[PDB]
Amino acid sequence: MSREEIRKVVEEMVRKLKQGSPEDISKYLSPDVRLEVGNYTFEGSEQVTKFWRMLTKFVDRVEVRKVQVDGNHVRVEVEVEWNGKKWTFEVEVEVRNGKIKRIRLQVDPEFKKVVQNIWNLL
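Residues 1 to 122 in the deposited numbering are what the sequence shown lists, from first letter to last.
Right, dumping it as C-alpha coordinates:
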(Lines of atoms letter the chains of each structure in order from A and count residues from 1; the text may use other names and numbers.)
(Lines give C-alpha, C1' and ligand atoms only; values in the text may rest on other atoms or scores of the structure.)
Protein backbone atom coordinates (compact mmCIF):
# COMPACT_ATOMS: atom_id res chain seq x y z
CA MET A 1 0.00 0.00 0.00
CA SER A 2 1.32 3.42 -1.04
CA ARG A 3 0.07 6.61 0.65
CA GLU A 4 0.58 8.87 -2.36
CA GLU A 5 -0.95 6.21 -4.63
CA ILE A 6 -3.92 5.58 -2.35
CA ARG A 7 -4.76 9.29 -2.30
CA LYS A 8 -4.97 9.46 -6.11
CA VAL A 9 -7.56 6.71 -6.54
CA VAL A 10 -9.93 8.20 -3.96
CA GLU A 11 -9.42 11.73 -5.29
CA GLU A 12 -9.79 10.79 -8.94
CA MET A 13 -12.99 8.85 -8.23
CA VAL A 14 -14.43 11.77 -6.30
CA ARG A 15 -13.26 14.24 -8.95
CA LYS A 16 -15.03 12.49 -11.83
CA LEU A 17 -18.60 13.59 -11.09
CA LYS A 18 -18.75 17.02 -12.62
CA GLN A 19 -15.97 16.10 -15.05
CA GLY A 20 -14.94 13.13 -17.16
CA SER A 21 -17.51 10.52 -18.12
CA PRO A 22 -19.95 8.73 -15.80
CA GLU A 23 -19.54 4.90 -15.50
CA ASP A 24 -15.76 5.52 -15.70
CA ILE A 25 -15.97 4.87 -12.00
CA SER A 26 -15.98 1.06 -11.96
CA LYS A 27 -12.25 0.42 -12.63
CA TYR A 28 -11.25 1.57 -9.14
CA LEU A 29 -13.95 -0.58 -7.55
CA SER A 30 -13.38 -4.20 -6.52
CA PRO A 31 -16.20 -6.57 -7.51
CA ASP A 32 -17.64 -7.03 -4.03
CA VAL A 33 -17.54 -3.32 -3.21
CA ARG A 34 -20.32 -1.99 -1.01
CA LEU A 35 -21.35 1.58 -0.29
CA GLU A 36 -23.02 2.54 2.97
CA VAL A 37 -24.84 5.75 3.65
CA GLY A 38 -26.68 5.80 6.94
CA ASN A 39 -29.06 2.85 7.07
CA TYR A 40 -28.86 2.19 3.37
CA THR A 41 -26.33 -0.13 1.75
CA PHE A 42 -25.48 -0.64 -1.92
CA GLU A 43 -23.90 -3.88 -3.16
CA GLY A 44 -21.78 -4.80 -6.17
CA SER A 45 -19.84 -2.61 -8.55
CA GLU A 46 -22.78 -1.82 -10.84
CA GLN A 47 -24.92 -0.63 -7.98
CA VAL A 48 -22.17 1.46 -6.40
CA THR A 49 -21.21 2.79 -9.86
CA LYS A 50 -24.84 3.58 -10.62
CA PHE A 51 -25.24 5.35 -7.27
CA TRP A 52 -22.29 7.55 -8.05
CA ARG A 53 -23.65 8.18 -11.56
CA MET A 54 -27.01 9.16 -10.06
CA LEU A 55 -25.31 11.36 -7.50
CA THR A 56 -23.62 13.41 -10.26
CA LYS A 57 -27.04 14.76 -11.21
CA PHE A 58 -26.90 16.88 -8.04
CA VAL A 59 -23.31 17.97 -8.67
CA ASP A 60 -22.40 20.95 -10.83
CA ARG A 61 -19.05 21.67 -9.18
CA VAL A 62 -17.03 19.32 -6.98
CA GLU A 63 -14.18 20.41 -4.70
CA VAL A 64 -12.01 18.30 -2.41
CA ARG A 65 -11.32 20.43 0.66
CA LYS A 66 -9.13 18.07 2.68
CA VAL A 67 -7.79 14.52 2.80
CA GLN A 68 -6.61 12.16 5.52
CA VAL A 69 -4.85 8.89 4.71
CA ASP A 70 -4.52 6.39 7.54
CA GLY A 71 -3.30 2.87 6.79
CA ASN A 72 -5.54 1.46 4.07
CA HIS A 73 -8.36 3.81 5.05
CA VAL A 74 -8.85 7.22 3.43
CA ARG A 75 -10.99 10.01 4.79
CA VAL A 76 -12.05 12.85 2.52
CA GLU A 77 -14.03 16.03 3.00
CA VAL A 78 -15.56 17.30 -0.19
CA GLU A 79 -17.63 20.33 -1.08
CA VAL A 80 -20.18 20.32 -3.87
CA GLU A 81 -21.97 23.14 -5.67
CA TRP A 82 -25.49 22.37 -7.05
CA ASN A 83 -27.50 25.25 -8.54
CA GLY A 84 -25.92 27.91 -6.36
CA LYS A 85 -25.89 26.07 -3.04
CA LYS A 86 -22.88 24.55 -1.33
CA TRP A 87 -23.02 21.45 0.84
CA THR A 88 -20.25 19.41 2.43
CA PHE A 89 -20.07 15.67 2.90
CA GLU A 90 -17.39 13.18 3.95
CA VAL A 91 -16.40 9.94 2.26
CA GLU A 92 -14.42 7.30 4.14
CA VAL A 93 -12.87 4.59 1.95
CA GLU A 94 -11.20 1.31 2.84
CA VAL A 95 -8.85 0.08 0.11
CA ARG A 96 -7.74 -3.56 -0.05
CA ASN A 97 -5.25 -5.00 -2.56
CA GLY A 98 -5.09 -1.74 -4.52
CA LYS A 99 -8.85 -1.81 -5.08
CA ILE A 100 -11.75 -0.19 -3.19
CA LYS A 101 -13.29 -2.71 -0.77
CA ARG A 102 -15.85 -0.48 0.98
CA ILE A 103 -17.19 3.07 0.80
CA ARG A 104 -18.95 4.74 3.72
CA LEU A 105 -20.58 8.06 2.93
CA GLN A 106 -21.68 10.79 5.33
CA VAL A 107 -24.08 13.47 4.11
CA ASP A 108 -25.89 16.53 5.38
CA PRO A 109 -29.38 15.95 6.92
CA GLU A 110 -30.94 18.01 4.07
CA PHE A 111 -29.53 15.55 1.54
CA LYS A 112 -30.88 12.48 3.37
CA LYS A 113 -34.18 12.81 1.52
CA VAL A 114 -32.31 12.85 -1.77
CA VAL A 115 -30.33 9.76 -0.83
CA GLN A 116 -33.49 7.94 0.20
CA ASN A 117 -35.03 8.55 -3.21
CA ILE A 118 -31.89 7.44 -5.02
CA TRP A 119 -32.20 4.25 -2.95
CA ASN A 120 -35.80 3.80 -4.06
CA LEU A 121 -35.17 4.89 -7.66
CA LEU A 122 -32.12 2.69 -8.12
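Backbone N, C-alpha and C define an ideal beta-carbon position, used for all residues, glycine too.
When the Cα of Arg61 is compared with those of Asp108, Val9, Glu36, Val80, which residue comes out closest? Taking the first residue of the sequence shown as position 1, residue 61 is located at position 61. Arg61 has its Cα closest to that of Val80, out of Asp108, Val9, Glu36, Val80.
Look up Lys99 in the DSSP assignment and give the residues it is bridged to. Within the sequence shown, the letter at position 99 stands for residue 99. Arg96.
Nonlocal neighbours in the same chain, by C-beta distance under 8 angstroms from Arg7, ignoring five residues either side: Stepping through the sequence shown from its first residue, residue 7 is reached at position 7. Closer than 8 angstroms at Cβ, skipping near neighbours: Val67, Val69, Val74.
DSSP three-state call for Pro22: helix, strand or coil? Indexing the sequence shown from 1 puts residue 22 at position 22. Coil.
Leaving out the 5 sequence neighbours to the left and right, which residues in its chain are closer than 7 angstroms to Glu94 when beta-carbon positions are compared? One-based indexing of the sequence shown puts residue 94 at position 94. For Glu94, where only same-chain residues beyond five positions count, the Cβ hits under 7 angstroms are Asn72, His73, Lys101, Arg102.
Within the continuous beta strand (DSSP E) that includes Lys66, where are the two ends? Stepping through the sequence shown from its first residue, residue 66 is reached at position 66. Element bounds for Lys66: 61-70.
Can you find the residues in the same chain that come closer than 6 angstroms, C-beta to C-beta, to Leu17, ignoring five residues on each side of it along the sequence? One-based indexing of the sequence shown puts residue 17 at position 17. Around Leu17: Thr56, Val59, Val62.
Length of the line joining the Cα atoms of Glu23 and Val48: Locating residue 23 in the sequence shown gives position 23, where the first residue counts as 1. Locating residue 48 in the sequence shown gives position 48, where the first residue counts as 1. Each residue's Cα considered, the two are about 10 angstroms apart.
Based on the DSSP output, what are the partners of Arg75 in its beta bridges? As a first step, residue 75 is located in the sequence shown; it is residue number 75 there, counting from the start. Paired residue(s): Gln68, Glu92.
Buried or exposed (CB count within 10 angstroms, at least 16 for buried), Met1: Indexing the sequence shown from 1 puts residue 1 at position 1. When all chains shown are included, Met1 counts as exposed.
Between the beta-carbon of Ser21 and the beta-carbon of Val33, is there less than 8 angstroms? What you label residue 21 is simply residue 21 of the sequence shown in a count that begins at 1. What you label residue 33 is simply residue 33 of the sequence shown in a count that begins at 1. No. Outside cutoff.
Going by the DSSP bridge assignment, what does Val37 pair with across the sheet? For the purposes of this step, residue 37 is taken as the residue at position 37 of the sequence shown. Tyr40, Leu105.
Name the one or two DSSP bridge partners that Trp82 has. Numbered from 1 along the sequence shown, position 82 holds the residue referred to as residue 82. Looking at the DSSP assignment, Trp82 forms a beta bridge with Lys85.
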